[PDB]
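# Reading the structure
One-letter residues, chain by chain:
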There are 2 protein chains.
Amino acid sequence: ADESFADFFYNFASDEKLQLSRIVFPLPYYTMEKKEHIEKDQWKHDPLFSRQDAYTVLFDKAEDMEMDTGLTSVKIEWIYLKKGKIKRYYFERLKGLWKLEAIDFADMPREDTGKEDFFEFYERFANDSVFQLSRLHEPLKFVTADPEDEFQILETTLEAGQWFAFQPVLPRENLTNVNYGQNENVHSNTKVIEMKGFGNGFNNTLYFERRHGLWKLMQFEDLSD
Amino acid sequence: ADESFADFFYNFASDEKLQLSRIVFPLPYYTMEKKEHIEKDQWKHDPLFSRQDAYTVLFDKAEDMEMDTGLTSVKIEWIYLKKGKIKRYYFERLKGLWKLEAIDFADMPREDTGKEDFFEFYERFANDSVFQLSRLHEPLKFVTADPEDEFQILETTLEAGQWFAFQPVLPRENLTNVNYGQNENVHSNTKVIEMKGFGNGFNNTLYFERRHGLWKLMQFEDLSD
Ligand SMILES: [Cl-]
Ligand SMILES: [Cl-]
Ligand SMILES: [Cl-]
Ligand SMILES: [Cl-]
Ligand SMILES: [Cl-]
Ligand SMILES: [Cl-]
Ligand SMILES: [Cl-]
């Protein structure tokens, strides 16, 4: 009887009347160190990322990817790379029904203590191919699903040319996140971008690490079905 | 006293009243093997490519680039790569004043006699990095302006990785053209894409050739100021 987040999410993004009915009104909107409220009359249908061909899920470490169904909290996030902003949607499962409880629209939490920020790095990595080439770890690991036996992988290293040929279309302006409980700390020296499609079985994962003060692409895994 | 096309073009794209006054109404619109007319009342301001950071000029051969001011005809073109369509604007200098005389919106003239079409090739080259890598000529020539003495060039060859790092952002959905008299033949086995910016001095040129039935990137020249 409890709603599955994935099934609710699709319905919330695609049906306007359902969306309006599943949001707390007046909606708490935390922005610029103050708190606003969005009135029901002011709400604009939010298709979230239902008009995208793919979306991303972020992890501080690769081990954080191995995971309840008794989970009642989900944060959906939109990372505005160029604006340096983040929009967060607080979804909560109440009496088995998912509801939108609040929204944050704030400045991208920046890594302090004088250390290269992952999202500032990623923005340049995706938008500056010269910079992108300079930040590939040597060697650059490539993992793909073995087209034979079950759960098997093929592992090789990539030359710069091969990385640019086989890479997924890297998001240049926005990233997303689905936080279902994994650590989301501005101080991690590792970061993982998992890219997933909508009913096409596409799955590409990118593994980054801050090495001697600079973020580098460590590994590219293509687990696309 | 005769209008310069570049100065007219900027004004036509940026001023709505000027644009309306410089178009023949009813405007002959040649589309789908018939002829329509756009009424003055129906005209929507066309910013052309004034909201783009760059535009392209196309040549059948490199030698066609060396060139009147007594030129009174200019065709501006929009190549819709995915739709397989081309929109042409016929600009004519009458009594020293540029006017829009007619528009074509037709099917992309396709190369017949069973030969790889340049625009079908270019669309895949720009949208499929794997295909793009397979269509780089070996060796791939790179020419750049020498940062020393006047009119001098530096010539080297590029590795696949270097081509992807230094390439301009390749247009993926549309190309443009400014035809001021150069040959525009669907049967040429050579093609040149000259990419130019708006008041930033950016200039990148790409040289292609159909070699043993397949178009290949032969040379990349970066003459950016
Ligand atoms: Cl995304
Ligand atoms: Cl590498
Ligand atoms: Cl280190
Ligand atoms: Cl263009
Ligand atoms: Cl090459
Ligand atoms: Cl390479
Ligand atoms: Cl040949």
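Residues numbered from 1 in each chain as written, not as in the entry; some residues may be left out. Chains lettered and ligands numbered in written order. Heavy atoms only, no water. Residues with missing side-chain atoms left out of burial classes, pairs and counts.

Structure determination for this PDB entry was carried out by X-ray crystallography, with a resolution of 1.9900 Å recorded in the header.

## Some points on the relation of the copies chain B and chain A
Least-squares fitting of chain B to chain A yields an RMSD of 0.0 Å, with the transformation described by 0.0 Å of translation along the axis and a rotation of 180 degrees. Read as a symmetry element, the transformation amounts to a two-fold axis. For chain B, the residue whose C-alpha comes nearest the rotation axis is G161 of chain B, separated from it by 1.9 Å. In this assembly, 100% of the residues forming the interface of chain B have copies in chain A that are likewise at the interface, indicating an isologous arrangement. (Least-squares fit on C-alpha atoms. Contact = heavy atoms within 4.5 Å.)

## Remarks on the environment of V24 of chain B
Residue and element names in this part refer to chain B. By the element assignment, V24 lies in the loop between α2 (16-21) and β1 (27-31). Taking the C-alpha atoms as reference points, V24 and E39, separated by 15 residues in sequence, lie 9.4 Å from one another. Leave out the neighbours within four places in its chain, and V24 touches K99, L100 and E101. (Helix = DSSP H or I, 4+ residues; strand = E, 2+ residues; numbered from the N terminus.)

## Let's talk about the pairing of β1 of chain B
Residue and element names in this part refer to chain B. In terms of burial, β1 is a largely internal element, 4 of the 5 residues being buried. Where β1 and strand β2 (residues 34-38) come together, 5 bridges link them in antiparallel fashion. Looking across to β2, one finds that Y30 is bridged to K35. In this antiparallel pair of consecutive strands, β1 and β2, the connection spans 2 residues, and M32 shows a positive phi of 50 degrees. Strand direction decides the pairing type here: β1 and strand β6 (residues 97-107), joined by 3 bridges, are parallel. Across the sheet, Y30 pairs through a bridge with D104, a residue of β6. (Buried < 20%, exposed > 50% of the residue type's maximum accessible area, 1.4 Å probe, protein only. Pairing = 2+ DSSP bridges.)

## A look at the interface of chain B and chain A
Interface extent is often summarised as the accessible area lost during association of the parts. Taken together, the 10 residues of chain B in the interface contact 10 residues of chain A. Of the roughly 820 Å² buried between chain B and chain A on both sides combined, carbon and sulfur atoms contribute 71%. Ranking the residues of chain B by area buried against chain A places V130, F164 and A165 of chain B at the top, with a combined share of 44%. At the junction of chain B with chain A, the criterion picks out 4 residue pairs in polar contact. Residue assignment for the side of chain B that touches chain A shows that the elements contributing at least two residues are α4 (129-134) and α5 (160-166) of chain B. Per element, the largest residue contribution to the side of chain B that touches chain A is 5 residues, and it comes from α5 of chain B. Looking at the side of chain B that touches chain A residue by residue, the classes come out as 7 nonpolar, 2 polar and 1 charged. (Buried area = accessible area lost by both parts, 1.4 Å probe. Polar contact = N/O pair within 3.5 Å; in protein donor to acceptor, adjacent residues only side chain to side chain. Nonpolar A, V, L, I, M, F, W, Y, C, P; charged D, E, K, R; others polar.)

## Digging into a positive patch on the surface
There is a patch of like positive charges on the surface, built from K82 and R172 of chain A together with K82 and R172 of chain B. Tracing the backbone shows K82 of chain B in the loop between β4 (73-80) and β5 (85-94). (Patch = residues over 30% accessible without salt bridge, like charges linked within 9 Å, V, L, I, M, F, W, Y side chains within 5 Å. Areas by Shrake-Rupley, 256 points an atom, 1.4 Å probe, with all protein chains shown as cover. Salt bridge = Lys/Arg side-chain N within 4 Å of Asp/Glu carboxyl O. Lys, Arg positive; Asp, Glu negative; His and termini not counted. Charge placed at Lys NZ, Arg CZ, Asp CG, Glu CD.)

## Regarding the sheet that holds strand β10 (residues 190-197) of chain A
Residues and elements named next belong to chain A. Read across the sheet, 6 strands follow the order β3-β10-β11-β12-β7-β8 without closing on themselves; strand pairing throughout is mixed. Each of the sheet's edge strands pairs with one partner strand only, and the pair in question is β3 (54-59) and β8 (153-158). Averaged over all adjacent pairs, the angle separating strand axes in this sheet is 20 degrees, with direction ignored. With respect to the sheet, helix α3 (residues 118-127) is in contact with β3, β7 (136-145), β10, β11 (203-211) and β12 (214-222), its orientation differing from that of β11 by roughly 120 degrees. (Axes fitted to C-alpha atoms, helices over the stretch in contact; angles between N-to-C directions.)

## Overview of the packing of aromatic side chains
Summed over all chains, the structure comprises 63 aromatic pairs over all chains. The interplanar angle of 80 degrees and the centroid separation of 5.0 Å between the aromatic rings of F118 of chain A and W215 of chain A together place this pair among those described as edge-to-face. Placement of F118 of chain A in helix α3 and of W215 of chain A in strand β12 is noted, with a sequence separation of 97 residues between them. Residue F118 of chain A shares its accessibility class with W215 of chain A, and that shared class is buried. Seen in terms of ring centroids, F125 of chain B and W163 of chain B are 6.4 Å apart; in terms of plane orientation they differ by 45 degrees. Their pairing is tilted. Of this pair, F125 of chain B sits in helix α3 (residues 118-127) while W163 of chain B is found in helix α5, placing the two residues 38 residues apart along the sequence. By the burial criterion, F125 of chain B is buried, and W163 of chain B matches it. Here a set of aromatic residues connected by ring pairs shows up, and it is made of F5, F8, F9, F12, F49, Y55, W78, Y89, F91, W98 and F198 of chain A. (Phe/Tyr/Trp six-rings, centres within 6.5 Å; stacked < 30°, edge-to-face > 60°.)

## Some thoughts on helix α1 (residues 5-14) of chain A
Residues and elements named next belong to chain A. The complete set of buried residues in α1 reads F5, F8, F9, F12 and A13. Looking straight down α1, one finds that the buried residues subtend no more than 125 degrees of arc, so they occupy a single side. Facing away from the buried surface of α1 by more than 90 degrees, the exposed residues are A6, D7 and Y10. Next to the buried residues of α1 lie α2 (16-21), β4 (73-80), β5 (85-94) and β6 (97-107). (Arc of directions from axis to C-beta.)

## Quick notes on empty space enclosed by the protein
Residues and elements named next belong to chain A. Approximately 40 Å³ is the volume attributed to the largest cavity. In terms of lining, the largest cavity is formed by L58, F59, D60, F119, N177, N179, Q182, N183, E184 and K191. For the lining of the largest cavity, the secondary-structure elements that each account for two or more residues are β3 and β9 (174-179). In terms of residue class, the lining of the largest cavity is built from 3 nonpolar, 4 polar and 3 charged. (1 Å grid on protein atoms, 1.4 Å probe; cavity = no way out; pocket = protein on both sides within 12 Å on 5 of 7 lines; lining within 4 Å. Points joined across faces, edges and corners; volume = space filled by probe spheres on them.)

## Considerations on the sheet that holds β6 of chain A
Residues and elements named next belong to chain A. Read from one edge to the other, the open sheet built from 6 strands follows the order β2-β1-β6-β5-β4-β9, with strand pairing classed as mixed. Every interior strand has two partners, whereas the edge strands, β2 (34-38) and β9, have only one. Each strand axis lies, on average, 20 degrees off the axis of its neighbour in the sheet, ignoring direction.

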